[PDB]
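S.K.:
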Amino acid sequence: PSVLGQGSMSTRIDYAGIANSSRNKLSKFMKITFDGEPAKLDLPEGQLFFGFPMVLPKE
Amino acid sequence: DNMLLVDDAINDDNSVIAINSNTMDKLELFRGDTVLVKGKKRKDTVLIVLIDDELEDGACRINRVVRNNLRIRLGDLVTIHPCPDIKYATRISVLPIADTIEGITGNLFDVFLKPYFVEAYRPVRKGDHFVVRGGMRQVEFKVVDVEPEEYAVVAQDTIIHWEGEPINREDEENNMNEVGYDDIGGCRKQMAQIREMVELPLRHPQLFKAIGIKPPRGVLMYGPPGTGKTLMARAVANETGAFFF
Amino acid sequence: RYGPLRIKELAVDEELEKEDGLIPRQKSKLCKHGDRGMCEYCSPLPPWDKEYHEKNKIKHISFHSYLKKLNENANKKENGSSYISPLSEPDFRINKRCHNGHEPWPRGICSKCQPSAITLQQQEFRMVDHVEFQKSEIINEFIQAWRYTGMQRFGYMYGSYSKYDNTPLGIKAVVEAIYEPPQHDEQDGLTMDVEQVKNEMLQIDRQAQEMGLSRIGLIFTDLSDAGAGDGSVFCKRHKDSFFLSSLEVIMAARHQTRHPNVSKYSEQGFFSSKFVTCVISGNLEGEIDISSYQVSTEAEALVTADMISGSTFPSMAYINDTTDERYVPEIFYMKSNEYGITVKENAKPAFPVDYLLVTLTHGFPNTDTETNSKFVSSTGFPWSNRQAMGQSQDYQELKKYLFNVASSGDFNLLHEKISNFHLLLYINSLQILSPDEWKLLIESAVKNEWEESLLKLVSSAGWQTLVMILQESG
Amino acid sequence: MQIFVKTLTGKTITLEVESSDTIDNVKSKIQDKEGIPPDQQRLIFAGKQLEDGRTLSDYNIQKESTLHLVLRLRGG
Amino acid sequence: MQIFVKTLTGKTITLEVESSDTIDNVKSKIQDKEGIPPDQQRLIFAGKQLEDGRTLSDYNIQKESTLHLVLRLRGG
Amino acid sequence: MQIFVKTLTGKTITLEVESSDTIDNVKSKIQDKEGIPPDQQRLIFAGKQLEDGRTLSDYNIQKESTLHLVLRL
Ligand SMILES: Nc1ncnc2c1ncn2[C@@H]1O[C@H](COP(=O)(O)OP(=O)(O)O)[C@@H](O)[C@H]1O
Ligand SMILES: [Zn+2]
Ligand SMILES: [Zn+2]
């Protein structure tokens, strides 16, 4: 389904935008992968987000 | 004034002290007054005052249990002070001495304590002892805990918790801490040095503030092993009444 | 205080403390001694023996056993000290007032009031051992919520604690009912204003206490549907993936810090809240298996001084930066390698949260034992805040639900309909019933020997008015 | 047969009457000794809406049984 | 006589009126201080659908009496 | 006029409407504000359905009152 990466609270907090910025993270004047570096993703008190990309088992 | 002479009391009550009429007049006491009595080793107790002209002026009579609790002997001097702010014991938890209770069947509370506290209003403080003589038996107990702390009057409505495991008697004797200076001899000089170096900073701190100096803190005792260093330290700590650690 | 602290705590703690838990052992074949006299292998096994736990497939040591271990390790009787409290909750916040000659932290610090380096390490003792759901309906309705709406959920779970014989000095939290606060659930996550939640939960918990319950955790569902013909769900939480992402860990730590467990063996009097968090994700297959977790004590005292924030990596938690009013020392997390040597790795940019968790064992009551459920209910009067779905509490549903039973009699049938948690809460909300009348109502609905109390209740004019208005109302 | 009847408040009275006797007889007796018409009286046992049209034998009652009486008062 | 009157929402008001006074008087007072025609006013108590034509002494309502208010349309 | 409503999300929303109109007017106002047509909207006041075939005057809605909104397909 679309919500496994692109759904409600995925557009409110542009997880894709944050991911791309973290990948190309510099002042300097689309796919998400877990090979790179993390970036701070702070949300106020009382908010949960389960939209992180799935990985499935190891098979 | 309040340095009343110790004497053996005729009555067997554990919270009754008989005083002379002259001393009662001097201290403005009256019959039935609950007073705080201090003896030796900083031991304190609460005793109900009863006028008694038989004793010589300046003398008071207390029973064996009270003297044992106060750690004092007959003929000594005890200081008696008013205790008007004593509240009724909301809840007293008390346990017996195992050896005393051996061979007793049934509820000990009803047998001994129920007649002992009802219509008695006996003041009780933690660490005290009271003995009940019932039928052909005599059993001692301990004031394990009192609410409010640390002491209070056991009224008719006061709740008493006698439930709990027996307390071994060996602990009180074989653990004979609170050893006073009388348990150390042959080393009066060093004992005096430690006393003058420890008591005054703790017992009378205002002295050094008046003189405006910082009293010495560290102390280091040394000598051949087996000369009672630990005993001297324990005795000084117990007499000073400080929080020994 | 010249000894152990004096305070009154839960009955479970008292009864557990009374026991010693020693596991007896018989004459081993390797002993060399007569019948009497035990040498080294015949001695009773202490309850904290790690070998027994790891040999019986138990990953943690039943906190009370840990307390026994700590007490035995020190505090000799009759001498050697004047009692030192064995348990102390770690605190990382910088002492705002040390003053060896320096000024407060904002513009001055010494080496005596500098938070030393924190060594993260997996905790070894779990406070609450077994979380137990009384009946399958309690969670079946919760999952039915997601089934109907498709969005996630979140709800506190009230209940009570008790012994747990299956583990040495273990505790189990039996959950009785689930209450759903007003929240804005969504496909990928859920949101809820904290102020409203706490304000509502204060009164709800007051009523629950009146009923004899207690708030003992939070449960939320993280479920996604698979492409199979039937209802199957992916297993996004396994060894490789994240068991609990950063944000849920943070929320659980806050909740624990705000539900302290009163204990007699600490200077402050509290230690390691007995709060359990349950998450529904689905097992390796398509099932809807549940799970339980509890954040360790260090994480409990770590989030209070901020110092942690969520990270785009689900399995790692970001670390904040130093600033006035918030001093963050270097954080070393300690792990073990395949060669049996502990390795300290500095992880400032981000570190996994696997070191801040302890796992509990979920389960259900044996289906061949006595039934002590408080409420034979939870399939009836719709739960509180299901506004998003069609369920809605109001007079009409009461008329449809609890009118014909009362209008005639058959008190045996009535009792079960009156022992529904949400029904009691709603009728109390109406405020129609008088205080004492409601008190006897709850005493009849949550206790046995209820015949006389139920008859008295139906006698009281309050119930007559209730039934009359209910019948009159459409 | 010996039995015990407790009103809603808790006041208790011991009655003697045969098990085969119809409960209407006991209700009339309660009316006579309390002036409470049977319509206001309502007797319950183990959550059963006992009515004047039945006998204790049908309900299977025995001696020293506790019967809870409730006043369906006629003052409203 | 002092009495409580509670509305559907939860508001309660303490009123004074003689028990011998007809309930119509209290309903009219409610109309005065609320502007609610008595037909919409249904006063209830102890499972008694009180009608405007009665008086409290008939219902035996005494001091410190709380009576609930509902509407006859379909409920509150 | 000023009334408060508990929406599906659970928060509180204040709406303004003259108290001499059919409830369908309030339903239209709320749906226009948020985008939830009045076909499935249902309003509950003090735990009682408010049928669309009546205004607020008959119910005599008190000011600063509370309504609750639910959906049903
Ligand atoms: N006045 C005293 N001087 C020295 N030793 C004494 C005295 N009175 C008793 N003793 C005994 O001498 C021993 C003193 O032990 P001590 O040397 O203090 O122990 P430690 O090895 O800890 O210093 C104890 O057995 C004690 O009972
Ligand atoms: Zn052996
Ligand atoms: Zn400092």
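Chains as they are written, first to last, in the deposited numbering: chain H, 230 to 258, 281 to 310; chain C, 33 to 277; chain G, 107 to 580; chain L, 301 to 376; chain K, 201 to 276; chain J, 101 to 173.
Cβ atoms here follow ideal geometry from the backbone N, Cα and C, with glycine treated the same way.
#1: Quick check on DSSP: helix, strand or coil for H170/G?
#2: Starting from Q241/K, trace the beta strand (DSSP E) in both directions and tell me its first and last residue.
#3: Could you tell me whether the stretch 150-160 of chain G touches the stretch 122-133 of chain G, where touching means 3 or more Cβ pairs closer than 8 Å?
#4: Do you know how far the Cα of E120/G is from the Cα of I244/G?
#5: Let me have the residue list for ligand 3: C-beta closer than 5 Å to any non-hydrogen atom, ordered along the chain.
#6: With 16 other CB atoms within 10 Å as the buried threshold, where does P288/G fall?
#7: On a Cα-Cα basis, can you pick out the residue from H161/C, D57/C, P198/C, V67/C that is closest to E172/C?
#8: I want to check one thing, is the minimum distance from the CB of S134/G to the heavy atoms of ligand 2 below 7 Å?
#9: Residues in its own chain within less than 8 Å of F487/G by CB, not counting five upstream and five downstream?
#10: What is the residue span of the alpha helix (DSSP H) that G246/H lies within?
#11: Using a cut-off of 9 Å between C-beta atoms, extract the partners of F517/G located in chain L.
#12: Cβ of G276/G versus every heavy atom of ligand 1: is any distance shorter than 7 Å?
#13: Should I216/C be listed as close to ligand 1, given that the test is whether its C-beta is under 7 Å from any heavy atom?
#14: According to DSSP, is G568/G part of a helix, a strand, or is it coil?
#15: Establish whether the CB of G236/H and some CB of chain G are separated by less than 8 Å.
#16: For the stretch 250-276 of chain K, enumerate the residues whose C-beta is nearer than 8 Å to any C-beta of chain G, in chain order.
#17: Tell whether a beta-carbon distance below 8 Å holds between residue 587/G and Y189/G.
#18: Starting from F173/C and walking both ways along the beta strand (DSSP E), at which residues does that stretch end?
#19: Tell me the residue span of the beta strand (DSSP E) that contains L171/J.
#20: Excluding sequence positions up to five away, which residues of its chain have a Cβ less than 7 Å from the Cβ of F141/C?
#21: Under three-state DSSP, which class holds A269/C?
#22: So for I548/G, helix, strand or coil by DSSP?
#23: Taking buried to mean at least 16 other C-beta atoms within 10 Å of its own C-beta, is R169/C buried or exposed?
#24: Using alpha carbons as the reference points, say which of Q231/K, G276/K, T207/K, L267/K lies closest to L250/K.
#25: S417/G and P304/H: beta carbons closer than 8 Å?
#26: Can you pull the chain K neighbours of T571/G, defined as C-beta to C-beta under 8 Å?
#27: When you compare the CB of residue 274/H with every CB in chain G, is at least one pair closer than 8 Å?
#28: Report back the beta-carbon spacing between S490/G and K291/H to the nearest angstrom; my notes put them in contact at under 8 Å.
#29: Decide if the stretch 452-460 of chain G is in contact with the stretch 384-398 of chain G; the criterion is three or more beta carbon pairs, one per stretch, under 8 Å apart.
#30: Please state the DSSP three-state secondary structure of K114/G.
#31: Is there at least one Cβ from chain G nearer than 8 Å to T114/J's Cβ?
#32: Where does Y183/C sit, in a helix, a strand or coil, going by DSSP?
#33: So is the beta-carbon of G186/G under 7 Å away from any non-hydrogen atom of ligand 1?
#34: Determine whether the beta carbon atoms of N52/C and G107/C lie at a separation below 8 Å.
#35: Thinking just about the alpha-carbon of each residue, which of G210/K, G235/K, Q231/K, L256/K is nearest to the one in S219/K?
#36: Just to confirm my understanding: we take residue 308/C, look at its own chain, exclude 5 residues before and 5 after, and list those with CB closer than 6 Å. What are they?
M.R.: Result, derived from the coordinates:
#1: helix
#2: From DSSP, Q241/K is part of no beta strand (DSSP E); its letter is neither H nor E.
#3: yes
#4: 30 Å
#5: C204/G, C216/G, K218/G, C219/G
#6: buried
#7: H161/C
#8: yes
#9: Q499, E503, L504, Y507, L508, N526, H528, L529, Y532
#10: 244-252
#11: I344, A346, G347, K348, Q349
#12: no
#13: yes
#14: helix
#15: yes
#16: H268, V270, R272, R274, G275, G276
#17: Because chain G is modelled from 107 through 580, residue 587/G falls outside the range shown and cannot be assessed.
#18: 169-179
#19: 166-171
#20: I192, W194
#21: helix
#22: helix
#23: exposed
#24: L267/K
#25: no
#26: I244, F245, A246, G247, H268
#27: Note on chain H: consecutive modelled numbers read 258 then 281, so residue 274/H has no coordinates in the structure shown.
#28: The Cβ separation is near 36 Å, so there is no contact.
#29: no
#30: coil
#31: no
#32: strand
#33: no
#34: no
#35: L256/K
#36: Given that chain C is displayed from residue 33 to residue 277, the structure contains no residue 308/C and the question cannot be resolved.
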